[PDB]
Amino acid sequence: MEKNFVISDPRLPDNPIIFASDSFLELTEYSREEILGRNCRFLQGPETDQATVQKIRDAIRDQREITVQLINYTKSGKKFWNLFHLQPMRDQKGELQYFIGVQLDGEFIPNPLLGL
């Protein structure tokens, strides 16, 4: 199965990506070398809804799962709608270890309804 996903380590400064799937490299047009150690916000740009970024920030703060749809940009500046699902990952002792982020490319929710 095709899986667009990244794993971040929230126990390192600014939640860096420590793993990016082949499909994530393909979608975003970045090499693994350009992604590893970055915060995933580098995919955002002018058209990204700051209200949606806020919802993600709060979900990471409270270590809660969330799904949002937001505008991201490939290396070559191509806009794509990203249906982004965030999942906290806890160790055996219930301590946060990682976040996993799974991307789906597509305008799943029409922009006119998303904007409401």
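Each residue number is its position in the shown sequence, starting from 1.
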On mean Cα temperature factor in this entry, is 2-10 or 107-115 the higher one? 107-115
Using only the Cα atoms and their B-factors as the entry lists them, report which of 55-63 and 26-34 averages higher. 26-34
Residue 92 - which third its CA temperature factor falls in, relative to the rest of the chain: highest
By the recorded C-alpha temperature factor, relative to the other modelled residues in its chain, which third is residue 76 in? highest
